[PDB]
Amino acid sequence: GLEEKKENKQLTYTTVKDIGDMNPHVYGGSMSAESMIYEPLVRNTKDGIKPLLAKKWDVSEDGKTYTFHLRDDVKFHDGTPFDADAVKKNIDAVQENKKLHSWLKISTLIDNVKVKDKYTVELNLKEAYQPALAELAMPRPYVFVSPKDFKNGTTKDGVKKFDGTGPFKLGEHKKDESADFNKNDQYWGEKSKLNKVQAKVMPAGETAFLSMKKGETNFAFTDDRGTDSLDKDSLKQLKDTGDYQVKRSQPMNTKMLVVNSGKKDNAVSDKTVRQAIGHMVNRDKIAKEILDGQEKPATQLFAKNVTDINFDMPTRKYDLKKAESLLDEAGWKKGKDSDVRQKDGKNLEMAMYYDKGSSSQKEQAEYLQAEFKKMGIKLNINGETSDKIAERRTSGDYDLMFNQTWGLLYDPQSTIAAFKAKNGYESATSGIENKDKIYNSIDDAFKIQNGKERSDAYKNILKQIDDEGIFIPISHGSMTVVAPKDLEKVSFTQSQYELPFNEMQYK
């Protein structure tokens, strides 16, 4: 129960998905799990870049050479040392697979790494690049795995064990059931007060709620795909027990519909149909009624207050006459016979995908399905695992899906770069006729030093992307955490993908 977990210094969180592949040089694994065990050279905080595995660093005059002075007291979880050599091998191993990392521009600029002495490592770039430190602070890919865990000096095809430097170590993992993160008693920095944090896999909804009420789990938080295992009324019922508190971060992302311009066998490949769909999403009512006012509606992909945006570019409004008139233009007309829309003898249908673990995504899917039926479209909705949603996002096998932007450290520049990445939203943009010009504009934008000129370059990109109807913004997501009422020091970083497990502490 709760008491015993308090007494034993344990947290056990409920989640709908397993930790996956804990090699942090690739992206399949749980993000928060990996940030408990692996560490970057530096951290990107609300106060800027701060030391972590590197204590200090020098940038050359020309901006091409970063020299990192490493901590000398760090060990990997297997007992092997952390040093310049380990840094160079990790970065070389990531760079050996740089096609996977091309969403992050530094991976295209890294020339070589050199070891200067035992705790001094030089990183040489092809050109100067001021976001370098920021990109090195990300949770993947530039975090450090024991080189003894490499497979013949590589990580691109996996690692043999999952030894990092972080405040927790990976312990017993039973596939689709539980994973243990045990306190790293040799940790170099702020040691965990908790002995163990356990990720316990179970379906969302009633199972998760009961698990929590009885203290079999005693913690929850929005996973890395944005899914909250507990709905608003579960949260109410848990606060009401007296045992639990509920914290919610500042708004971190935009939650949107993705509309696959590249799906050639379906109507969503027609710009006009995409524009029509855009007027069929009542974001105001969804925010107020379906999401219980817990999120504000989103009228553009990246909110005005996001870095380098600072513009209002309101998207298509909810307007069914406008939708009708656009579907008629596209030749998807109803009939006196029926209210159902047809073209060339075929009915208008589309397949929408949502995470079956998200009650909010499911309710939205049901709503929209009802709303699309009024328009004479048959919207087939499919709840799947977030792992399956992601695979579909990469393959392009979908007409519409729920998704979300990547948060405060990624929006807008990384999320925009992902518009032309295979592992991001390239599927959805791949059917735009001016895609060659937009993709080139994306590359150009990142080279613009002046803030205002850059914001304008982003505006020109986003305007065309809005024109295309690729993304339909809906609401602004936060990170939500349920925790024991006597757990102190639960707080949020800039990321929606980690939590300070090693700082949390009972009573």
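Note that residue numbering begins at 1 and tracks the sequence as displayed.
Is it the case that at least a third of the other compared entries omit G335, given both of its neighbours are modelled there?
Yes, a third or more of the compared structures omit it.
With respect to the recorded C-alpha B factors, which stretch has the higher mean value, 280-288 or 334-342?
Higher of the two, by average CA B-factor, is 334-342.
Taking the mean of the C-alpha B-factors per stretch from the entry, tell me the winner out of 307-315 and 250-258.
According to the entry, 307-315 carries the higher average C-alpha B-factor.
Check the PDB entry and point out which of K156, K89, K239, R140 has the largest C-alpha temperature factor.
Highest C-alpha B-factor among the listed residues goes to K239.
Which of these has the highest Cα B-factor in the record: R225, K373, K183, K271?
Highest C-alpha B-factor among the listed residues goes to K373.
What third of its chain, lowest, middle or highest, does the C-alpha temperature factor of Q494 fall into?
Top third by C-alpha B-factor.
Would you mind ranking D466 by its C-alpha B-factor against the rest of the chain and naming the third, lowest, middle or highest?
It belongs to the middle third of the chain when residues are ordered by C-alpha B-factor.
Could you look up the Cα B-factor of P167 in the entry and say which third of the chain it sits in: lowest, middle or highest?
Its C-alpha B-factor belongs to the lowest third of this chain's values.
Is the Cα B-factor recorded for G407 in the lowest, middle or highest third of its chain?
As the PDB entry reports it, the C-alpha B-factor of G407 lands in the middle third of its chain.
Ranking the modelled residues of this chain by C-alpha B-factor as given in the entry, is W57 in the lowest, middle or highest third?
Highest third, going by the recorded CA B-factors of the chain.
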